[PDB]
Amino acid sequence: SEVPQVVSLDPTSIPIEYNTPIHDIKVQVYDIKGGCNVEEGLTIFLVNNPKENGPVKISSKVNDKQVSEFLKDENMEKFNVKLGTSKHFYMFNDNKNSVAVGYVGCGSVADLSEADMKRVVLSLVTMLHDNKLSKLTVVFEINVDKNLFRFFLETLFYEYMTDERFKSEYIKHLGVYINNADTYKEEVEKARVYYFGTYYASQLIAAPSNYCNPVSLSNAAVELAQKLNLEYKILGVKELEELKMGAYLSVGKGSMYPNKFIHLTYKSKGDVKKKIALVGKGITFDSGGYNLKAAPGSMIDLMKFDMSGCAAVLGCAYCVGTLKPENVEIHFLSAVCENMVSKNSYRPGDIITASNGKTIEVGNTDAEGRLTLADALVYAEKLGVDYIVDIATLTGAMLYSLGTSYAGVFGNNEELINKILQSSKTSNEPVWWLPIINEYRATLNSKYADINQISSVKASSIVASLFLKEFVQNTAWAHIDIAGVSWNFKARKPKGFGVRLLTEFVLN
Amino acid sequence: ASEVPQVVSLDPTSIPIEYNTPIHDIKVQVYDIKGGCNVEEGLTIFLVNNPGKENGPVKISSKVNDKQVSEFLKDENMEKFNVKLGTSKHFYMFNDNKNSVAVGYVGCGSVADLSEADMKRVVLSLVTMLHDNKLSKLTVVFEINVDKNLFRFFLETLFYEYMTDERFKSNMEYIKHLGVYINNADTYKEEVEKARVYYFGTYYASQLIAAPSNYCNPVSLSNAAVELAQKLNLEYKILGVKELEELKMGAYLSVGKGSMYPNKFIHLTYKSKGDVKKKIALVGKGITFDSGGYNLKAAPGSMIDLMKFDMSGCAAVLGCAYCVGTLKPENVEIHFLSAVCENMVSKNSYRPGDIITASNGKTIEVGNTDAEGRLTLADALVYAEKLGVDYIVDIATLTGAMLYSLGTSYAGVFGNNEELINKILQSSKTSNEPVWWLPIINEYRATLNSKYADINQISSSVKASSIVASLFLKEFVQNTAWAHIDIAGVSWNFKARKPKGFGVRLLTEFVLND
Amino acid sequence: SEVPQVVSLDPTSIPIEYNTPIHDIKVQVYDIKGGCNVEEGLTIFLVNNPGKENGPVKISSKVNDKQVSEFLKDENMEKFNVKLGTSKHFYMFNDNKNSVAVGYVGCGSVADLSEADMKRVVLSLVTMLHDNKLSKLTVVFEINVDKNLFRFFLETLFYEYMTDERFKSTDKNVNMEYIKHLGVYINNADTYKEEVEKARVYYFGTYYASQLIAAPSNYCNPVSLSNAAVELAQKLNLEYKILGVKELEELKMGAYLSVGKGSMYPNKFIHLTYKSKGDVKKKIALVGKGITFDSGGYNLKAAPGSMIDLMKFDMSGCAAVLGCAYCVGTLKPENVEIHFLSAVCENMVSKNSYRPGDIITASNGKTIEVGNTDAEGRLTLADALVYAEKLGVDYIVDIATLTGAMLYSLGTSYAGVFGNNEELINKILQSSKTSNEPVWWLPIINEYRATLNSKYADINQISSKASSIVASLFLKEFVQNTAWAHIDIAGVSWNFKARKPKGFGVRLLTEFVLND
Ligand SMILES: Cn1cc(-c2ccc([C@@H](NC(=O)C(C)(C)C)C(=O)NO)cc2)cn1
Ligand SMILES: Cn1cc(-c2ccc([C@@H](NC(=O)C(C)(C)C)C(=O)NO)cc2)cn1
Ligand SMILES: Cn1cc(-c2ccc([C@@H](NC(=O)C(C)(C)C)C(=O)NO)cc2)cn1
Ligand SMILES: [Zn+2]
Ligand SMILES: [Zn+2]
Ligand SMILES: [Zn+2]
Ligand SMILES: [Zn+2]
Ligand SMILES: [Zn+2]
Ligand SMILES: [Zn+2]
């Protein structure tokens, strides 16, 4: 629990913002019938033209003669609905009060994707960051179901928020105009919870590795557990040795921080009908070990992101603890360590023994993710759960298959894979099903060990999935590879990907 | 004097330093060429040219006091040789007293304006002969035009290239007399002992640089500095880790974390006996070894076997401390600063992505551990400005991009103050260590805007990393005139496989002519 | 003149747009003390706050409208800051009960804007112009600018506003409307009025160059490029001369001819001349590198980061000179004689290409050992510089996308200049100031010259790391007794942020020809 330091100036804690300015925002959802009021701050219409880059046209009645004049078709057709395009003008309303009115183009397609809506929100946020405002009002003149409306609110909150923990006025009111307002009102406070769970995971990932180490990260989990009345149990090296987790321990051999295993648990008040183990990869920094990330574009300055799996799990732990689902017992697991280069590091060629007895031949120390997951999975199955789900930044090959938008999911059970794909639909965190090709299993036949860590045959995501499959004997298990989608290179920040996906899974 | 840590007992605990050199035992005489040449003793060499005639024949003008040498130097004999720059011939013969003497020449081309590079090529041609000579005297006859500066440059270079470093070893013999015939001998006479001082400062810097990183570490180097300070009667102060932590030098301390050697901050000071009118802080990059950290120098041409040179900026500052402490300038106070450490790969190393806090409050996002020089300098520059000096001049092997811009002969100078830069450029002219002014382009500054930290250590996209590195350094000098010399391209002599000791004479000319 | 094709679908001419939308804009300048009239379109105030960083917006002009003045009272504007690049849109009704658009653009707290500062202001202005159908824009200058920065403002506003749609087919911007009127309110307006049409001239010269560069290598080839120079010269009534292979062979331009050996397009040497009616006091030769496509030759640009798909810009130097030719031919300076030169060819891989190791002979008789076929620019420039000196000129100014090393020395903003003459270099630097195309003086280091010594040829083509300096040393060997300057624009030519050419050099060359 005490964070070791090299010099006295080394941080001994991860700074965490719990109370965010978003939490202070009062949100009122009104129905568009009756007309819109424009009294103060910024009013933005979400408008499309079902044509391509067609003119803006406001449909909704506005209860203000000055703004109504500005919003008439003659003036608005000077602008167009190209997706992401925005304009906003400052003007005096009926009461001679200064108000800002504008729009965001929503393209020419009736139903926005999660990516389309994301670009819409970014255009909205840009205006929020450029204008000192007390209230934002958004008028929905487009078609949005409940799950996408919630996605809107979540994305709006996440992109509006600014991480200033390592640096050396927000709006206070949010108004939403939409048809069938009463049907959308329950999604607001759900969005605020999903928002923080994502932003919490974001804070952990964005936190540099000199801040976020196995000790400080485990301490953050305990702190979170105490705030949510979750049972918690942190496994130190002595215990892990007795549990014989030799794959996991080998990876952390080179670090100055001791291995720490995070085990958070949420139990429901009633009787439990489904037990779930969520496993997150928690590599606080991945230098690749003796297989150093030195190749061009290996992006070693990004590898603070390699505990994004753990972050998504902990962010999910927040959401579950806040929304309190019934009839479930959830175990939030993470084998947290650091992959470094030292005299104590494990070598390419080493043979290590996982807790289930399987000897593994290491071919590439930069493939450390599956090694720590191997022991976490064994530990997970020993809990006697119904579902084992792991989420991880496992393979760079994902950048070449699905890219930076869709995460991949692998598994041994079709029912479990389906529920995740369903969760992907409702959470709007896009995941695509990828196969485990058994014909590649033979490429993991070691000459000396029971199994190879890596292949000879490319397609590493499948091979890695084949490897992980060996450590789950008789339990429905799925594996989400988020190595490609975890980091937002355009915005230079994490996505907090996985939190809402995993929450929808536990809830729905 | 701190104890040097060891891994095995065979690890060295100090840098071997040669203080008394054979060069310090050569007696130098400067005669006027108008009176003829006395050629009865040792090797006599004529510096000649043939303006206009490219590779034209050799013709000796000087009357000599020997009938045997005179007949050898007659035009019929000498026109068998040409004056192509660097070309050399010398013959052994008997003088009128039947003594064994050696007579020859060195070609200086057909341009009546020998540059610094040409003069060095002439000197090297001379040194090659000296390295096979066993006579006790060398006489050089200047039948070419040189100014006082270029003449002192001739002596410095000669002294430096003549001397060979055998500290790590386990033919010829050094001359005891140097004769120089030249026009207005009386004026060039005062250049001799200035040259001998400039020589050793340069050679001292060369010894520190050339010494391998198992010999030259932060502990051994700071000890060597203390020893130099005591010999020059300079005030000195080595700042240790506990003090560095107190001063909150987080950027400096970060680089040194992965090393087995404790960080040591070298602070020497020269104060004039008279009233102080100028206050100068000289700052040198002092990375005893640069592996690159976790951004390990593994790429082709990363030249990691050279990386003992990464404290050349520090060596130049110390070599300057010798010259200044020896020549003792009036009315000036000089601070010699160098944040010394070692950039290694360990469990304790700082990582790519780490956000660290410099001593001035600014948080820095590390994008590349191999850009460690600007980090150590950042704290050195905050320290320097707290001293309240008028001028802060840093010199460093900072960016390898200098090899693609100015190359291996010219160093680059960046800065926030035009007058100070002009002062450097003037020091460049008189010291004959070439520097060229390069721009700090503020349009590139935005590339350092970090998403999380106060500022980025390096750029993501924008190349021309030298300009970017200056933009970074500029953030740690708040309202003092400051110049930055990047010697990453000129520090090492790849032809001779040795250091140049670049910067010692530049910095010294800077403080003397101030 | 006849452009060779492989298939009938291969283009035979560079599509060139002379009458651009910008040329249809009526530009009126008014003295700002005469009161601003706000009636139609969009009206933008260029505001700042000296000293107060992020200081409030204060409109200090006089507005001949009660309602707009009321809106622009300091009370209303306090909510907005003058942070450089920031803009806002206002909407109101004027005295004539007309709806009207008003706005501002922040210029920071500095009392005098740099070239980059003004370019930042202009870019914010164009954003307000994009995705908005306006019939008129009015710019009110509440910041101080000299004549040069004012002209630079207009130059930049025109260039960034204009969109190249020559190669758009099924994807033209259906909403791309251009303003028809431009109003400018400024102090001492009668001293700025002369700058307007000079800016319009300077605009097209830059955009003309931009069009040649942006045009791909199937459109812009040695023949189609040279034919475009002829067409320009005819419109400008300049003397023109296009040297073909037979002429080039008789002049023994082996270096230039070797470079084009592997191209399906014959070498074309562009020679344009402008002459003053009166006493010629200055003869100048402008030489631009004219490589329509740079594959690299057998030293193929195959390495990672070679940017072979960009190498259509390798005729940027040529375009800059032709852009300058337009400016000189239009502005018609006095007492000068200008020679616009460009040895145009294509560097390709073929059974006919020149090989690494080949020894070739320049038109001055010097033998050259080719060490790298991708260093083809200095080979063509060599013959071009000889042809230039034979014209008996006073100055030979050279411009070229010569070395990639510029990206590591000066980067993407500042071009480098080398030369054998202190005065000429200073004239270039002075022109860089007035034209606001940034240029830094870099040295020609004679110590490096020895590396160009060949065991067999008179001289080596390349050394065997300071490429830009070595390349200057090579070129210097082909100017015998004339003042010569060499501008390396390999790093500054392309605008990567906006994904388009800059048209760099045109204004700098023209200002050099004028201020002369
Ligand atoms: C966004 N991004 C992600 C990566 C990335 C690169 C490599 C890897 C993983 N490595 C791999 O997939 C290989 C098999 C070592 C190439 C890894 O280090 N797992 O612990 C995972 C992600 C690179 N960029
Ligand atoms: C003569 N030579 C100099 C170098 C050299 C190479 C790299 C660097 C510096 N590195 C850099 O400039 C980069 C930007 C990391 C490539 C450096 O290590 N700073 O601490 C400095 C010098 C290589 N050869
Ligand atoms: C913006 N950019 C410029 C380049 C560029 C790359 C290479 C070169 C030139 N080549 C060089 O400078 C070398 C010496 C071959 C590396 C060239 O091909 N000249 O004909 C010039 C420019 C690449 N990107
Ligand atoms: Zn890895
Ligand atoms: Zn990993
Ligand atoms: Zn380094
Ligand atoms: Zn270094
Ligand atoms: Zn080329
Ligand atoms: Zn080229």
Side-chain angles (χ1 to χ4, degrees), chain B residues 85-86 109 111 113-121 299-301 303 399-414 425 428 432 434-447 459 461-462 464-471 486 488-490 493-494, chain C residues 84-85 108 110 113-119 123 303-305 307 403-418 429 432 436-451 453 463 466-473 488 490-492 494-496:
Chain B
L85 185 81
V111 173
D113 325 279
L114 278 194
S115 66
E116 156 271 344
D118 296 317
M119 181 56 72
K120 173 134 37 65
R121 200 157 301 165
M303 295 226 59
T399 58
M402 291 304 304
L403 291 168
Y404 290 108
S405 52
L406 284 182
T408 61
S409 292
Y410 282 50
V413 57
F414 308 78
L425 297 179
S428 177
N432 271 289
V435 192
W436 191 269
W437 183 19
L438 288 176
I440 296 182
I441 304 174
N442 303 281
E443 315 183 36
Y444 300 161
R445 168 60 177 81
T447 201
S459 180
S461 71
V462 181
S465 54
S466 296
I467 306 181
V468 180
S470 301
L471 282 160
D486 197 334
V490 299
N493 189 345
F494 289 94
Chain C
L84 174 72
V110 293
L113 299 174
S114 63
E115 159 259 347
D117 287 329
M118 185 57 76
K119 184 136 46 219
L123 280 187
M307 302 264 303
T403 52
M406 291 304 303
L407 293 166
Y408 297 92
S409 60
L410 295 178
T412 64
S413 287
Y414 284 35
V417 60
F418 310 79
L429 296 185
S432 179
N436 302 90
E437 297 197 293
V439 153
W440 199 261
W441 183 20
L442 296 177
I444 299 187
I445 304 176
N446 303 290
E447 186 170 15
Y448 299 165
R449 173 59 182 82
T451 65
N453 290 337
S463 172
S467 306
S468 305
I469 295 177
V470 172
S472 290
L473 272 169
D488 201 329
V492 304
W494 194 258
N495 187 344
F496 288 98

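Chain naming here is simple, since letters A, B, ... match the order of the sequence lines and numbering starts at 1 in each.
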Can you tell me how far NZ of B:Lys120 sits from CD of C:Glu447, rounded to the nearest 0.5 angstrom? 4.5 Å
Could you tell me the separation between the OG atom of B:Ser405 and the CG atom of C:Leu442, rounded to the nearest 0.5 Å? 8.5 Å
Students often mix this up, so state it plainly: with edges at 30° and 60°, are the rings of C:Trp440 and B:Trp437 parallel, tilted or perpendicular? perpendicular
Distance (rounded to the nearest 0.5 Å) between C:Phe496 CZ and B:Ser461 OG: 10.5 Å
Between C:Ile445 and B:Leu406, what is the shortest heavy-atom contact and its length? CD1-O, 3.3 Å
Looking at C:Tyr448 and B:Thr408, would you say the former's side chain and the latter's main chain have a donor-acceptor pair under 3.5 Å? yes
Looking at B:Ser409, B:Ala117, B:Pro439, B:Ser115, which has the largest count of heavy-atom pairs under 4.5 Å with chain C? B:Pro439
